[PDB]
There are 2 protein chains.
Amino acid sequence: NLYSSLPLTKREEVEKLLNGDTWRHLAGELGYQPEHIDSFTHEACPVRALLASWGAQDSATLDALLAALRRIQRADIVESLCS
Amino acid sequence: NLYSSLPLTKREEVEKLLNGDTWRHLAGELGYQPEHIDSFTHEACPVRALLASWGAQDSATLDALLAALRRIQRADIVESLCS
Ligand SMILES: O=C(O)c1cc(S)ccc1[N+](=O)[O-]
Ligand SMILES: O=C(O)c1cc(S)ccc1[N+](=O)[O-]
């Protein structure tokens, strides 16, 4: 159940919810080192680019993402995405 | 013919086409000052948030955007969106 496969419309909502610093926290939890995170701030849309990059692995499931969101104490985002 | 009204899937192309610094140049041409532009780097997706902010005006037409792209020497982006 790959994250990539997710329709643009829900992905759009994912990205909206990872606002501010949250994509950085998520990236840390996903195994990205801080300088690797910093590299993504060069993109026009750091959060999308991070997820496009991460989303190219085979392990990059929606549920893997939700789990990483739980692990950074953002279950509110999970609740929000699921409701 | 408002930019906002544009379908998400074309807005995706726009944002992708404004890679790197381009949205900063675009914003400058659109009337935003450098520190005002700098404020959008706090968002997870600066380019989208800038366009969302710009797009709330009634004058924020796709064609106004195209003209700002010409004025910034990015006719290539215009060509791409049009073809
Ligand atoms: O629609 C789903 O497949 C979905 C389900 C849950 S529980 C959380 C986020 C989701 N999104 O947005 O993909
Ligand atoms: O589809 C259109 O209305 C469109 C037309 C031209 S000429 C350029 C960009 C566009 N996009 O992407 O909206």
Side-chain angles (χ1 to χ4, degrees), chain A residues 2-32 34-56 60 62 65-66 68-69 71-78 80-81, chain B residues 2-30 32 34-56 60 62 65-66 68-69 71-81:
Chain A
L2 254 34
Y3 174 84
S4 81
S5 297
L6 290 191
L8 178 64
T9 323
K10 278 151 183 187
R11 269 161 45 204
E12 162 94 358
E13 193 52 35
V14 180
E15 294 165 8
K16 172 198 178 171
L17 293 178
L18 314 165
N19 62 304
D21 264 9
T22 298
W23 73 273
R24 303 190 61 105
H25 294 302
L26 173 69
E29 184 60 37
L30 289 178
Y32 291 87
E35 288 72 31
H36 197 166
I37 304 255
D38 285 329
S39 93
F40 285 103
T41 63
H42 285 91
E43 301 297 337
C45 192
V47 65
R48 184 182 301 136
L50 176 93
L51 297 164
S53 153
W54 175 80
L62 177 54
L65 175 70
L66 293 171
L69 286 169
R71 301 179 193 235
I72 58 158
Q73 325 296 117
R74 294 295 285 179
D76 63 87
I77 297 179
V78 183
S80 174
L81 285 167
Chain B
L2 257 53
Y3 174 86
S4 69
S5 301
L6 280 179
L8 189 59
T9 182
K10 272 155 181 190
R11 294 209 274 97
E12 170 90 8
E13 305 183 337
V14 183
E15 294 164 10
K16 175 181 197 291
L17 290 163
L18 311 162
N19 51 17
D21 272 341
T22 291
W23 72 275
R24 301 191 63 104
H25 298 299
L26 175 65
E29 180 59 36
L30 283 179
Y32 293 85
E35 294 81 20
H36 198 340
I37 291 159
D38 275 338
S39 88
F40 293 101
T41 73
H42 296 269
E43 297 307 335
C45 192
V47 61
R48 183 188 296 126
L50 182 114
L51 291 166
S53 148
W54 176 76
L62 175 66
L65 177 78
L66 295 175
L69 290 168
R71 290 168 178 181
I72 235 79
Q73 319 295 314
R74 296 293 294 188
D76 63 86
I77 298 178
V78 184
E79 305 301 338
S80 174
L81 295 160

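Chain letters run A, B, ... following the sequence lines, proteins first and then strands; every chain starts at 1.
Heavy atoms closer than 4.5 Å to chain B are found in both the backbone and the side chain of A:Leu8.
The shortest heavy-atom contact between B:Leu18 and A:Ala44 is O-CB, 3.3 Å. Closest approach of A:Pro46 and B:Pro46 over heavy atoms only: CD-CD, 3.4 Å.
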For chain A and chain B, what donor-acceptor pairs lie under 3.5 Å, backbone included?
| unit_1 | atom_1 | unit_2 | atom_2 | d |
| --- | --- | --- | --- | --- |
| A:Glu12 | OE1 | B:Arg48 | NE | 3.3 |
| A:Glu12 | OE1 | B:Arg48 | NH2 | 3.4 |
| A:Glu15 | OE1 | B:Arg48 | NH1 | 3.2 |
| A:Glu15 | OE1 | B:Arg48 | NH2 | 2.4 |
| A:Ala44 | O | B:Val47 | N | 3.2 |
| A:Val47 | N | B:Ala44 | O | 3.1 |
| A:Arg48 | NE | B:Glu12 | OE1 | 3.4 |
| A:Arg48 | NH1 | B:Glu15 | OE1 | 3.0 |
| A:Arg48 | NH2 | B:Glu15 | OE1 | 2.5 |

